[PDB]
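Peer 1: What follows is start-v1.cif, made up of mmCIF, C-alpha atoms and all ligand atoms:
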```cif
data_query
loop_
_atom_site.group_PDB
_atom_site.id
_atom_site.type_symbol
_atom_site.label_atom_id
_atom_site.label_comp_id
_atom_site.auth_asym_id
_atom_site.auth_seq_id
_atom_site.Cartn_x
_atom_site.Cartn_y
_atom_site.Cartn_z
ATOM 1 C CA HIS A 1 95.211 104.068 90.902
ATOM 2 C CA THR A 2 94.251 102.244 94.087
ATOM 3 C CA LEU A 3 91.950 99.491 95.411
ATOM 4 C CA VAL A 4 90.810 98.017 98.748
ATOM 5 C CA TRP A 5 92.402 94.722 99.917
ATOM 6 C CA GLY A 6 90.269 94.094 103.036
ATOM 7 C CA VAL A 7 89.306 95.550 106.460
ATOM 8 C CA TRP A 8 90.405 95.283 110.092
ATOM 9 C CA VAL A 9 88.059 95.328 113.079
ATOM 10 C CA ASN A 10 89.424 96.640 116.373
ATOM 11 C CA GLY A 11 92.904 95.985 114.997
ATOM 12 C CA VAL A 12 92.092 92.428 113.942
ATOM 13 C CA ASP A 13 92.664 91.741 110.243
ATOM 14 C CA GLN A 14 89.541 90.190 108.715
ATOM 15 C CA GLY A 15 91.502 88.693 105.771
ATOM 16 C CA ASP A 16 91.506 89.283 101.990
ATOM 17 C CA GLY A 17 88.067 90.613 101.063
ATOM 18 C CA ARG A 18 88.264 91.066 97.290
ATOM 19 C CA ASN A 19 85.054 89.922 95.607
ATOM 20 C CA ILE A 20 84.240 88.433 99.030
ATOM 21 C CA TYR A 21 83.017 91.206 101.343
ATOM 22 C CA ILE A 22 84.287 93.984 99.010
ATOM 23 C CA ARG A 23 82.421 94.571 95.734
ATOM 24 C CA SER A 24 85.710 94.765 93.892
ATOM 25 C CA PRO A 25 86.050 96.165 90.344
ATOM 26 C CA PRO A 26 88.260 94.295 87.824
ATOM 27 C CA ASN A 27 90.975 96.955 88.184
ATOM 28 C CA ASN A 28 92.135 100.132 89.895
ATOM 29 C CA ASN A 29 91.018 102.431 87.069
ATOM 30 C CA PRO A 30 89.364 105.690 88.206
ATOM 31 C CA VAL A 31 85.722 106.609 87.859
ATOM 32 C CA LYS A 32 85.359 110.103 86.301
ATOM 33 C CA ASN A 33 81.792 110.341 84.942
ATOM 34 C CA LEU A 34 79.714 112.032 87.639
ATOM 35 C CA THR A 35 76.386 110.804 86.146
ATOM 36 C CA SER A 36 77.483 107.159 85.778
ATOM 37 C CA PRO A 37 75.970 104.342 87.904
ATOM 38 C CA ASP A 38 79.685 103.597 88.377
ATOM 39 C CA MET A 39 79.653 106.422 90.997
ATOM 40 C CA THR A 40 77.598 104.096 93.247
ATOM 41 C CA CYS A 41 79.988 101.205 94.009
ATOM 42 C CA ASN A 42 82.357 101.378 91.014
ATOM 43 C CA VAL A 43 81.919 99.293 87.842
ATOM 44 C CA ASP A 44 81.101 95.817 89.236
ATOM 45 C CA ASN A 45 78.320 96.548 91.716
ATOM 46 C CA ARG A 46 76.739 93.274 92.872
ATOM 47 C CA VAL A 47 76.044 91.356 96.054
ATOM 48 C CA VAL A 48 79.192 89.426 96.966
ATOM 49 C CA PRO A 49 79.035 86.301 99.191
ATOM 50 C CA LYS A 50 80.114 87.423 102.703
ATOM 51 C CA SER A 51 79.588 90.428 105.022
ATOM 52 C CA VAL A 52 81.867 91.516 107.902
ATOM 53 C CA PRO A 53 80.365 91.503 111.433
ATOM 54 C CA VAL A 54 80.750 94.495 113.726
ATOM 55 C CA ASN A 55 79.085 96.222 116.643
ATOM 56 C CA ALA A 56 78.420 99.887 117.372
ATOM 57 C CA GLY A 57 81.594 101.297 118.948
ATOM 58 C CA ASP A 58 83.928 99.087 116.888
ATOM 59 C CA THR A 59 86.741 100.587 114.798
ATOM 60 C CA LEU A 60 86.473 99.618 111.119
ATOM 61 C CA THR A 61 89.659 100.074 109.108
ATOM 62 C CA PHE A 62 89.807 100.171 105.311
ATOM 63 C CA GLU A 63 93.051 98.977 103.703
ATOM 64 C CA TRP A 64 94.101 100.186 100.229
ATOM 65 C CA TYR A 65 96.818 98.917 97.886
ATOM 66 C CA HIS A 66 98.134 99.927 94.422
ATOM 67 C CA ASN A 67 99.522 96.683 92.893
ATOM 68 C CA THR A 68 100.314 94.459 95.896
ATOM 69 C CA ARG A 69 99.378 94.620 99.578
ATOM 70 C CA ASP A 70 101.352 97.172 101.634
ATOM 71 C CA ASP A 71 102.992 98.557 98.461
ATOM 72 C CA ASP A 72 103.214 102.286 97.598
ATOM 73 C CA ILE A 73 99.381 102.329 98.033
ATOM 74 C CA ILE A 74 98.585 105.121 95.550
ATOM 75 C CA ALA A 75 100.737 107.444 93.423
ATOM 76 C CA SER A 76 101.853 110.593 95.276
ATOM 77 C CA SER A 77 100.522 112.816 92.464
ATOM 78 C CA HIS A 78 96.958 111.883 93.476
ATOM 79 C CA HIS A 79 96.594 114.541 96.190
ATOM 80 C CA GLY A 80 93.019 114.796 97.443
ATOM 81 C CA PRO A 81 90.433 114.344 100.239
ATOM 82 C CA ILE A 82 88.870 111.160 101.597
ATOM 83 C CA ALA A 83 85.274 110.487 102.655
ATOM 84 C CA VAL A 84 83.304 107.516 103.975
ATOM 85 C CA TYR A 85 79.521 107.113 103.638
ATOM 86 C CA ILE A 86 77.088 104.370 104.773
ATOM 87 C CA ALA A 87 73.782 103.042 103.424
ATOM 88 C CA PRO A 88 71.336 100.118 103.971
ATOM 89 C CA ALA A 89 72.262 97.184 101.735
ATOM 90 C CA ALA A 90 68.577 96.870 100.801
ATOM 91 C CA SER A 91 69.005 100.022 98.650
ATOM 92 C CA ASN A 92 72.008 98.555 96.777
ATOM 93 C CA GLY A 93 73.230 102.161 96.483
ATOM 94 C CA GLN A 94 70.096 103.330 94.665
ATOM 95 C CA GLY A 95 67.921 106.187 95.877
ATOM 96 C CA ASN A 96 68.740 108.980 98.326
ATOM 97 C CA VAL A 97 70.411 106.690 100.853
ATOM 98 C CA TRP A 98 74.051 107.801 101.440
ATOM 99 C CA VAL A 99 75.031 109.312 104.794
ATOM 100 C CA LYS A 100 78.561 110.638 105.348
ATOM 101 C CA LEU A 101 80.447 109.349 108.413
ATOM 102 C CA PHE A 102 83.831 110.979 107.796
ATOM 103 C CA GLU A 103 85.711 113.681 105.877
ATOM 104 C CA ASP A 104 89.366 114.723 105.664
ATOM 105 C CA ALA A 105 90.633 117.170 103.021
ATOM 106 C CA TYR A 106 93.798 119.036 104.092
ATOM 107 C CA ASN A 107 95.420 119.252 107.559
ATOM 108 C CA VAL A 108 96.726 122.782 108.061
ATOM 109 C CA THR A 109 99.300 121.949 110.774
ATOM 110 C CA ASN A 110 100.906 118.875 109.253
ATOM 111 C CA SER A 111 100.345 120.416 105.792
ATOM 112 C CA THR A 112 99.257 117.125 104.218
ATOM 113 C CA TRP A 113 96.240 116.076 102.155
ATOM 114 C CA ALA A 114 94.252 113.080 103.349
ATOM 115 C CA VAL A 115 95.825 110.947 100.581
ATOM 116 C CA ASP A 116 99.329 112.070 101.554
ATOM 117 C CA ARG A 117 98.737 110.650 105.017
ATOM 118 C CA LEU A 118 97.070 107.487 103.703
ATOM 119 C CA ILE A 119 100.338 106.581 101.956
ATOM 120 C CA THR A 120 102.098 107.008 105.313
ATOM 121 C CA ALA A 121 99.440 104.945 107.118
ATOM 122 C CA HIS A 122 100.132 101.937 104.839
ATOM 123 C CA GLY A 123 96.801 102.437 103.098
ATOM 124 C CA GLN A 124 94.723 102.231 106.271
ATOM 125 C CA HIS A 125 92.046 104.652 107.518
ATOM 126 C CA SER A 126 89.157 104.077 109.916
ATOM 127 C CA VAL A 127 85.715 105.057 111.154
ATOM 128 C CA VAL A 128 83.903 104.235 114.427
ATOM 129 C CA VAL A 129 80.731 102.208 113.795
ATOM 130 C CA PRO A 130 77.627 104.225 114.822
ATOM 131 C CA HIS A 131 74.536 103.282 116.843
ATOM 132 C CA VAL A 132 72.055 102.542 114.035
ATOM 133 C CA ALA A 133 69.520 99.724 113.558
ATOM 134 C CA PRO A 134 71.220 96.276 113.479
ATOM 135 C CA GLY A 135 71.271 94.779 109.981
ATOM 136 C CA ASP A 136 73.137 94.820 106.659
ATOM 137 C CA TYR A 137 74.886 97.946 105.338
ATOM 138 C CA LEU A 138 77.188 99.231 102.603
ATOM 139 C CA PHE A 139 80.179 101.412 103.579
ATOM 140 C CA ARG A 140 81.412 103.491 100.620
ATOM 141 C CA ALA A 141 85.045 104.619 100.887
ATOM 142 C CA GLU A 142 85.896 107.392 98.432
ATOM 143 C CA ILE A 143 89.218 108.883 97.387
ATOM 144 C CA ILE A 144 89.092 111.984 95.185
ATOM 145 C CA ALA A 145 92.376 112.574 93.346
ATOM 146 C CA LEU A 146 92.692 116.144 92.058
ATOM 147 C CA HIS A 147 95.811 115.944 89.835
ATOM 148 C CA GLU A 148 93.706 116.765 86.728
ATOM 149 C CA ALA A 149 90.742 118.520 88.418
ATOM 150 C CA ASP A 150 91.520 121.947 86.933
ATOM 151 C CA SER A 151 89.340 120.630 84.111
ATOM 152 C CA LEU A 152 85.856 119.086 84.150
ATOM 153 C CA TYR A 153 85.503 115.580 82.641
ATOM 154 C CA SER A 154 82.197 116.633 81.025
ATOM 155 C CA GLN A 155 83.993 119.336 79.028
ATOM 156 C CA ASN A 156 87.235 117.320 78.532
ATOM 157 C CA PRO A 157 87.028 113.504 78.977
ATOM 158 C CA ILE A 158 90.819 112.995 79.268
ATOM 159 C CA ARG A 159 91.039 115.222 82.366
ATOM 160 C CA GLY A 160 88.918 115.776 85.481
ATOM 161 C CA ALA A 161 88.398 114.761 89.114
ATOM 162 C CA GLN A 162 89.112 111.051 89.740
ATOM 163 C CA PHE A 163 87.015 108.893 92.086
ATOM 164 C CA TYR A 164 88.403 105.701 93.616
ATOM 165 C CA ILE A 165 85.317 104.081 95.129
ATOM 166 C CA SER A 166 84.987 100.843 97.138
ATOM 167 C CA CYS A 167 81.892 99.385 98.780
ATOM 168 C CA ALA A 168 82.249 97.017 101.736
ATOM 169 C CA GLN A 169 79.480 94.693 102.993
ATOM 170 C CA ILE A 170 79.210 95.228 106.780
ATOM 171 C CA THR A 171 76.687 93.533 109.109
ATOM 172 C CA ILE A 172 76.047 95.469 112.331
ATOM 173 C CA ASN A 173 75.054 93.068 115.099
ATOM 174 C CA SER A 174 75.097 94.682 118.554
ATOM 175 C CA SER A 175 73.835 98.275 118.622
ATOM 176 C CA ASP A 176 71.253 100.035 120.775
ATOM 177 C CA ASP A 177 69.976 102.222 117.850
ATOM 178 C CA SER A 178 70.220 105.507 119.818
ATOM 179 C CA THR A 179 70.850 107.346 116.514
ATOM 180 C CA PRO A 180 68.737 105.690 113.720
ATOM 181 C CA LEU A 181 70.009 106.275 110.196
ATOM 182 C CA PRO A 182 68.635 109.288 108.226
ATOM 183 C CA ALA A 183 67.909 109.602 104.531
ATOM 184 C CA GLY A 184 71.023 110.444 102.543
ATOM 185 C CA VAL A 185 72.309 111.787 99.227
ATOM 186 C CA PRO A 186 72.318 109.670 95.983
ATOM 187 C CA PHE A 187 75.365 108.505 94.025
ATOM 188 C CA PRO A 188 75.367 109.193 91.181
ATOM 189 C CA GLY A 189 73.640 112.530 91.695
ATOM 190 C CA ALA A 190 75.087 114.419 94.670
ATOM 191 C CA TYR A 191 78.178 115.674 92.769
ATOM 192 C CA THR A 192 77.834 117.970 89.725
ATOM 193 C CA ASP A 193 80.279 120.124 87.721
ATOM 194 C CA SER A 194 79.327 123.110 89.928
ATOM 195 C CA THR A 195 79.608 121.336 93.316
ATOM 196 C CA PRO A 196 82.631 122.759 95.288
ATOM 197 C CA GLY A 197 85.729 120.539 95.511
ATOM 198 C CA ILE A 198 85.080 118.967 92.066
ATOM 199 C CA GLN A 199 86.885 121.607 90.011
ATOM 200 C CA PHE A 200 90.004 122.911 91.692
ATOM 201 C CA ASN A 201 93.553 123.804 90.665
ATOM 202 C CA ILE A 202 95.992 122.382 93.216
ATOM 203 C CA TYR A 203 98.983 124.014 91.465
ATOM 204 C CA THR A 204 97.771 127.623 91.846
ATOM 205 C CA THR A 205 95.118 127.598 94.604
ATOM 206 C CA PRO A 206 96.510 126.960 98.152
ATOM 207 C CA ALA A 207 95.330 123.705 99.749
ATOM 208 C CA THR A 208 94.040 125.700 102.744
ATOM 209 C CA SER A 209 91.394 127.075 100.357
ATOM 210 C CA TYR A 210 90.136 123.652 99.262
ATOM 211 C CA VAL A 211 86.533 122.916 100.253
ATOM 212 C CA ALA A 212 85.426 119.277 99.958
ATOM 213 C CA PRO A 213 82.102 118.432 98.224
ATOM 214 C CA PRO A 214 78.989 118.293 100.461
ATOM 215 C CA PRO A 215 77.127 116.790 102.151
ATOM 216 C CA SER A 216 78.386 117.482 105.648
ATOM 217 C CA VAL A 217 79.273 114.788 108.173
ATOM 218 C CA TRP A 218 76.090 113.458 109.820
ATOM 219 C CA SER A 219 75.747 114.243 113.554
ATOM 220 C CA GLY A 220 75.457 110.522 114.424
ATOM 221 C CA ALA A 221 79.024 109.970 113.155
ATOM 222 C CA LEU A 222 81.643 109.021 115.814
ATOM 223 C CA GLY A 223 84.894 109.798 113.887
ATOM 224 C CA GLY A 224 87.512 109.512 112.465
ATOM 225 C CA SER A 225 91.165 108.730 111.586
ATOM 226 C CA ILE A 226 93.867 108.009 108.994
ATOM 227 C CA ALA A 227 96.577 105.926 110.640
ATOM 228 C CA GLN A 228 98.000 102.408 110.622
ATOM 229 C CA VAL A 229 96.146 100.088 113.046
ATOM 230 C CA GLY A 230 97.638 96.792 111.823
ATOM 231 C CA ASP A 231 100.884 95.298 110.482
ATOM 232 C CA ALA A 232 100.062 93.269 107.353
ATOM 233 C CA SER A 233 103.642 91.979 106.998
ATOM 234 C CA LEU A 234 103.333 90.258 110.367
ATOM 235 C CA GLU A 235 100.907 87.735 108.874
HETATM 236 O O1 LIG B 1 102.580 114.982 88.558
HETATM 237 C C1 LIG B 1 101.713 116.083 88.282
HETATM 238 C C2 LIG B 1 101.139 115.980 86.884
HETATM 239 O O2 LIG B 1 100.385 114.750 86.877
HETATM 240 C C3 LIG B 1 99.766 114.434 85.631
HETATM 241 O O3 LIG B 1 99.027 113.211 85.743
HETATM 242 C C4 LIG B 1 99.822 112.011 85.802
HETATM 243 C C5 LIG B 1 100.028 111.507 87.231
HETATM 244 O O4 LIG B 1 100.963 112.310 87.933
HETATM 245 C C6 LIG B 1 100.549 110.098 87.260
HETATM 246 O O5 LIG B 1 100.676 109.605 88.601
HETATM 247 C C7 LIG B 1 99.653 109.200 86.434
HETATM 248 O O6 LIG B 1 100.174 107.873 86.517
HETATM 249 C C8 LIG B 1 99.281 106.802 86.289
HETATM 250 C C9 LIG B 1 99.347 106.381 84.825
HETATM 251 O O7 LIG B 1 98.831 107.401 83.963
HETATM 252 C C10 LIG B 1 98.566 105.109 84.620
HETATM 253 O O8 LIG B 1 98.647 104.699 83.258
HETATM 254 C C11 LIG B 1 99.047 104.006 85.541
HETATM 255 O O9 LIG B 1 98.180 102.886 85.313
HETATM 256 C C12 LIG B 1 98.639 101.598 85.721
HETATM 257 C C13 LIG B 1 98.377 101.361 87.202
HETATM 258 O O10 LIG B 1 99.121 102.226 88.040
HETATM 259 C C14 LIG B 1 98.760 99.969 87.560
HETATM 260 O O11 LIG B 1 98.586 99.774 88.959
HETATM 261 C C15 LIG B 1 97.939 98.982 86.752
HETATM 262 O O12 LIG B 1 98.360 97.697 87.069
HETATM 263 O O13 LIG B 1 98.097 99.201 85.336
HETATM 264 C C16 LIG B 1 97.888 100.554 84.857
HETATM 265 C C17 LIG B 1 98.359 100.556 83.423
HETATM 266 O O14 LIG B 1 99.778 100.714 83.391
HETATM 267 O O15 LIG B 1 98.956 104.440 86.902
HETATM 268 C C18 LIG B 1 99.714 105.645 87.206
HETATM 269 C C19 LIG B 1 99.510 105.952 88.677
HETATM 270 O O16 LIG B 1 99.866 104.849 89.514
HETATM 271 O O17 LIG B 1 99.656 109.694 85.107
HETATM 272 C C20 LIG B 1 99.051 110.994 84.987
HETATM 273 C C21 LIG B 1 99.012 111.355 83.520
HETATM 274 O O18 LIG B 1 99.701 110.388 82.746
HETATM 275 C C22 LIG B 1 98.800 115.541 85.252
HETATM 276 O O19 LIG B 1 98.131 115.173 84.050
HETATM 277 C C23 LIG B 1 99.531 116.895 85.179
HETATM 278 O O20 LIG B 1 98.628 117.971 84.915
HETATM 279 C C24 LIG B 1 100.243 117.173 86.490
HETATM 280 O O21 LIG B 1 101.008 118.378 86.355
HETATM 281 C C1 LIG B 2 78.402 109.126 81.436
HETATM 282 O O1 LIG B 2 77.425 108.227 81.923
HETATM 283 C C2 LIG B 2 76.123 108.475 81.425
HETATM 284 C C3 LIG B 2 75.208 107.512 82.167
HETATM 285 O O2 LIG B 2 75.636 106.148 81.976
HETATM 286 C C4 LIG B 2 76.104 108.247 79.916
HETATM 287 O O3 LIG B 2 74.867 108.675 79.355
HETATM 288 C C5 LIG B 2 77.179 109.063 79.213
HETATM 289 O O4 LIG B 2 77.314 108.560 77.893
HETATM 290 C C6 LIG B 2 78.539 109.032 79.912
HETATM 291 N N1 LIG B 2 79.375 110.125 79.406
HETATM 292 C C7 LIG B 2 80.386 110.056 79.179
HETATM 293 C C8 LIG B 2 81.075 110.803 78.207
HETATM 294 O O5 LIG B 2 80.688 109.085 78.810
HETATM 295 CL CL CL B 3 95.975 108.277 87.527
HETATM 296 CU CU CU B 4 95.656 106.904 89.437
#
```
Give the structure from this file in structure tokens form.
Ligand SMILES: OC[C@H]1O[C@@H](O[C@H]2[C@H](O)[C@@H](O)[C@H](O[C@H]3[C@H](O)[C@@H](O)[C@H](O[C@H]4[C@H](O)[C@@H](O)[C@H](O)O[C@@H]4CO)O[C@@H]3CO)O[C@@H]2CO)[C@H](O)[C@@H](O)[C@@H]1O
Ligand SMILES: *[C@@H]1O[C@H](CO)[C@@H](O)[C@H](O)[C@H]1NC(C)=O
Ligand SMILES: [Cl-]
Ligand SMILES: [Cu+2]
Peer 2:
Amino acid sequence: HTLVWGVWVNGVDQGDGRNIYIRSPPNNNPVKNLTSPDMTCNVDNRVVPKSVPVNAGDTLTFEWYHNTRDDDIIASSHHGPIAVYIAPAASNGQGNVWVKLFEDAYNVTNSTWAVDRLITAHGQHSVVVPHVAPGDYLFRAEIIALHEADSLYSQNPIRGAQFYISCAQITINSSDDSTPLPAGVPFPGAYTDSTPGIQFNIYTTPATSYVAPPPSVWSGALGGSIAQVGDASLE
């Protein structure tokens, strides 16, 4: 169980964003139903009042918490990958609009899942804002926890892959638009019971074998990290 508190821009904390620039759900409960509209931006998907300003090139940092800011972040059992997508806010998540900007499953060297490292990075991970058409966007951060993913939720509703999904409202101001945004995949829709990465047994299968659900990272993506950029206790 985990939620997003706010975002940083170029290492500058933008302040508490809950129900403000984040479309926050009432709680940190997982989404599990792959066909639910809840797969779009979780269970309380609606325009919230503000939208964070950025430029192409900027480093946008998501910040997750479990119960309170800079706490244990998310329970260690919840091993899994992490993705970020983007879409035009016009679409409100609907249609085939979602383009992936980032992916991190398992790191062979360090021998840690993305989530493992997110605990260590005080709940912070980042992407570099791409050169798309200025305007309003949604950035969808997605944690998949696989602690019960040896079953499918459709066949057993008290197990299955767990999605922790958070949509941030981001306004891109300065960009030259050298890589305009493509069409994307829909959510719900893009993940099924048969998609790879959705059913997987982390107790028997070695993490090295894990393949994250498609789609692939779009070519116009600029990376890419899971690491603390800010100190929240300093404020
Ligand atoms: O460890 C491997 C084993 O895991 C089993 O699944 C466990 C998870 O390991 C465990 O982390 C998970 O814990 C949940 C708990 O079920 C929730 O009820 C609880 O919900 C809290 C929330 O954390 C709070 O922040 C919020 O304020 O309130 C709610 C209500 O109390 O959150 C924790 C995680 O933080 O429980 C799972 C099952 O109970 C697998 O099932 C097993 O197969 C694996 O071998
Ligand atoms: C999953 O969501 C779909 C779409 O809202 C709904 O028809 C279905 O009842 C849900 N299934 C599970 C068991 O709930
Ligand atoms: Cl859980
Ligand atoms: Cu949980």
Peer 1: Residues within 8 Å of ligand LIG 1 (chain B) (all atoms listed in the file), as a PyMOL selection string?
Peer 2: chain A and resi 1-2+27-29+66-67+74-78+147-148+159+203
Peer 1: Hey, what comes out of the PyMOL selection byres (((chain A and resi 181) around 9) and not hetatm) on this file? Could you write it as a ChimeraX atom specification?
Peer 2: /A:87-88,99,131-133,177,179-180,182-184,220
Peer 1: Using only C-alpha atoms, can you tell me which of A:62, A:21, A:191, A:218 comes closest to residue 118 of chain A?
Peer 2: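 The shortest atom-to-atom distance to residue 118 of chain A comes from A:62.
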Peer 1: Could you work out how far atom CA of residue 14 of chain A lies from atom CA of residue 59 of chain A, giving the answer in Å with one decimal?
Peer 2: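 Atom CA of residue 59 of chain A sits 12.4 Å away from atom CA of residue 14 of chain A.
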Peer 1: Could you spell out the hits of the PyMOL selection byres (((chain A and resi 201) around 8) and not hetatm) on the shown file, as a list in words?
Peer 2: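 Checked against the file, the PyMOL selection byres (((chain A and resi 201) around 8) and not hetatm) matches residues 146, 149, 150, 199, 200, 202, 203, 204 and 205 of chain A.
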Peer 1: Which distance in Å separates atom CA of residue 160 of chain A and atom CA of residue 3 of chain A, to one decimal?
Peer 2: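 Those two atoms sit 19.3 Å apart.
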Peer 1: Tell me, counting all atoms listed in the file, for each residue of segment 93-138 of chain A within 12 Å of segment 38-47 of chain A, which pair of atoms is nearest and how far apart they are in Å to one decimal, in rows ordered by chain and increasing number, as a tab-separated table.
Peer 2:
```
residue	atom	partner	partner_atom	distance
A:93	CA	A:40	CA	5.8
A:94	CA	A:40	CA	7.7
A:95	CA	A:40	CA	10.2
A:96	CA	A:40	CA	11.3
A:97	CA	A:40	CA	10.8
A:98	CA	A:40	CA	9.7
A:136	CA	A:47	CA	11.5
A:137	CA	A:47	CA	11.4
A:138	CA	A:41	CA	9.3
```
Peer 1: Report as a ChimeraX atom specification the residues that result from applying the PyMOL selection byres (((chain A and resi 54-56) around 12) and not hetatm) to the structure here.
Peer 2: /A:7-10,12,14,51-53,57-61,127-137,169-180,220-222
Peer 1: I need the residue nearest ligand CU 4 (chain B) from this list: A:18, A:50, A:69, A:79. Use only C-alpha atoms and all ligand atoms for the distance.
Peer 2: A:79
Peer 1: Need the neighbours of (86.5, 114.4, 113.0): which residues are at most 10 Å away, counting all atoms listed in the file, as a compact mmCIF listing (two decimals) with C-alpha atoms, in the coordinates of the input?
Peer 2:
```txt
# COMPACT_ATOMS: atom_id res chain seq x y z
CA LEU A 101 80.45 109.35 108.41
CA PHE A 102 83.83 110.98 107.80
CA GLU A 103 85.71 113.68 105.88
CA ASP A 104 89.37 114.72 105.66
CA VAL A 127 85.72 105.06 111.15
CA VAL A 217 79.27 114.79 108.17
CA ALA A 221 79.02 109.97 113.16
CA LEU A 222 81.64 109.02 115.81
CA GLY A 223 84.89 109.80 113.89
CA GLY A 224 87.51 109.51 112.46
CA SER A 225 91.16 108.73 111.59
```
Peer 1: Counting only C-alpha atoms and all ligand atoms, figure out which residue out of A:72, A:164, A:227, A:35 gets nearest to ligand CL 3 (chain B).
Peer 2: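 Looking only at the distances to ligand CL 3 (chain B), the closest residue turns out to be A:164.
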Peer 1: In terms of the shortest atom-to-atom distance over all atoms listed in the file, which of A:235, A:188, A:110, A:63 is closest to ligand LIG 2 (chain B)?
Peer 2: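 So, comparing all the options, the nearest one is A:188.
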Peer 1: For residue 65 of chain A, which of A:36, A:194, A:124, A:209 is the closest residue, counting all atoms listed in the file?
Peer 2: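 Selected residue with least distance to residue 65 of chain A: A:124.
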Peer 1: Counting only C-alpha atoms and all ligand atoms, which protein, DNA or RNA residues come within 7 Å of ligand LIG 2 (chain B), given as a PDB file with C-alpha atoms, in the coordinates of the input?
Peer 2:
```pdb
ATOM      1  CA  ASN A  33      81.792 110.341  84.942  1.00  0.00           C
ATOM      2  CA  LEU A  34      79.714 112.032  87.639  1.00  0.00           C
ATOM      3  CA  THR A  35      76.386 110.804  86.146  1.00  0.00           C
ATOM      4  CA  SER A  36      77.483 107.159  85.778  1.00  0.00           C
ATOM      5  CA  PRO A  37      75.970 104.342  87.904  1.00  0.00           C
ATOM      6  CA  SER A 154      82.197 116.633  81.025  1.00  0.00           C
ATOM      7  CA  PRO A 157      87.028 113.504  78.977  1.00  0.00           C
TER       8      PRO A 157
END
```
Peer 1: When distances are computed from all atoms listed in the file, which of A:107, A:143, A:86, A:71 shows the smallest separation from ligand CU 4 (chain B)?
Peer 2: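 Of A:107, A:143, A:86, A:71, the one nearest ligand CU 4 (chain B) is A:143, counting all atoms listed in the file.
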Peer 1: Please measure the separation of atom CA of residue 6 of chain A and atom CA of residue 20 of chain A, giving the value in Å to one decimal.
Peer 2: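 Result for atom CA of residue 6 of chain A versus atom CA of residue 20 of chain A: 9.2 Å, one decimal.
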Peer 1: Segment 6-33 of chain A from the block above, C-alpha atoms, as a short mmCIF file (atom, residue, chain, number, x, y, z; two decimals), in the first residue's frame, please?
Peer 2:
```
data_model
loop_
_atom_site.label_atom_id
_atom_site.label_comp_id
_atom_site.auth_asym_id
_atom_site.auth_seq_id
_atom_site.Cartn_x
_atom_site.Cartn_y
_atom_site.Cartn_z
CA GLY A 6 3.85 15.40 -4.36
CA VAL A 7 6.61 16.04 -6.96
CA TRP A 8 9.96 17.82 -7.20
CA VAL A 9 11.20 19.72 -10.24
CA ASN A 10 14.96 19.94 -10.78
CA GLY A 11 15.36 19.10 -7.09
CA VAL A 12 12.90 21.77 -5.96
CA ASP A 13 10.00 20.43 -3.90
CA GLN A 14 6.70 21.64 -5.37
CA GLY A 15 4.81 21.07 -2.07
CA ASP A 16 1.99 18.72 -0.99
CA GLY A 17 0.00 17.85 -4.11
CA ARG A 18 -2.76 15.58 -2.80
CA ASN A 19 -6.09 16.39 -4.45
CA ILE A 20 -4.26 19.49 -5.73
CA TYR A 21 -2.08 18.52 -8.71
CA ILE A 22 -2.37 14.77 -7.95
CA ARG A 23 -5.71 13.05 -8.61
CA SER A 24 -5.49 11.31 -5.27
CA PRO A 25 -7.68 8.32 -4.31
CA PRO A 26 -9.23 8.21 -0.81
CA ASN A 27 -6.69 5.58 0.28
CA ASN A 28 -3.67 3.48 -0.64
CA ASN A 29 -5.70 0.38 -1.53
CA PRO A 30 -4.50 -1.49 -4.65
CA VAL A 31 -6.27 -1.68 -7.97
CA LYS A 32 -6.51 -5.33 -9.16
CA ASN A 33 -9.28 -5.46 -11.79
#
```
